[PDB]
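Visitor: the data below comprise the sequence and an experimental structure of the protein.
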Amino acid sequence: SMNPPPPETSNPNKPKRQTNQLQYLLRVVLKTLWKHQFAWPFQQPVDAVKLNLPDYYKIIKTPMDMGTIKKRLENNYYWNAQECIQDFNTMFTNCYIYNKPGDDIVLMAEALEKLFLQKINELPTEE
Ligand SMILES: CCc1cc2c(n1Cc1ccccc1)CCCC2=O
């Protein structure tokens, strides 16, 4: 079996910014979720080979994970906060699409998403 290439984390011709909202997404949102006891399954791309999930990338066509988001933030990949917020939401949604209600991994995603929502609620105004 085979994993796909990971999502892009580097693209020199993509225009970039470092904004206070993006700084918040790294220093508050990503850091909060990353240190959580349920973060570990989401800290890298889904390894469909190791996890024996041969249908994962048949079902999930827009993969995302916090390892990728971390790299994107640290390497200033984004133009705006909404891009990054979309990546987090893609990660959660993928989990809910692929798995079943009440599954351990879904409970984990739900706990992380609750924290995510609380932090994004207080996203600072620009400038
Ligand atoms: C069907 C198994 C599974 C599905 C998934 C993951 N696992 C492996 C896993 C499940 C529960 C707790 C930790 C890892 C981790 C990555 C994200 C995901 O949707």
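Guide: The structure has been received and is ready for your questions. Numbering: from 1, shown residues only.

Visitor: interface residues of this structure facing the ligand?
Guide: Counting by CB under 6 Å from any ligand atom, the positions of the chain adjacent to the ligand are 41, 46, 51, 53, 95, 98, 99, 104, 105. In short, each C-beta sits where N, CA and C put it, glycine included.

Visitor: please redo it, this time with the cut-off set to 8 Å
Guide: The chain comes close to the ligand at residues 40-42, 46, 51, 53, 56, 60, 65, 94-95, 98-99, 103-105, 108-109, as judged by CB under 8 Å from any ligand atom.

Visitor: any idea what sits nearest residue 127, other than its immediate chain neighbours?
Guide: Computed as CB to CB, 6 or more residues apart in numbering, the closest residue to residue 127 that is not its neighbour in sequence is residue 20, at 6.9 Å.

Visitor: ok, how many other residues are close to that neighbour?
Guide: Neighbour count for residue 20, taken as other CB atoms under 10 Å: 13.

Visitor: that one: what's it in contact with?
Guide: Shown in contact with residue 20 (CB atoms under 8 Å, 6 or more residues apart in numbering): 124, 126, 127.
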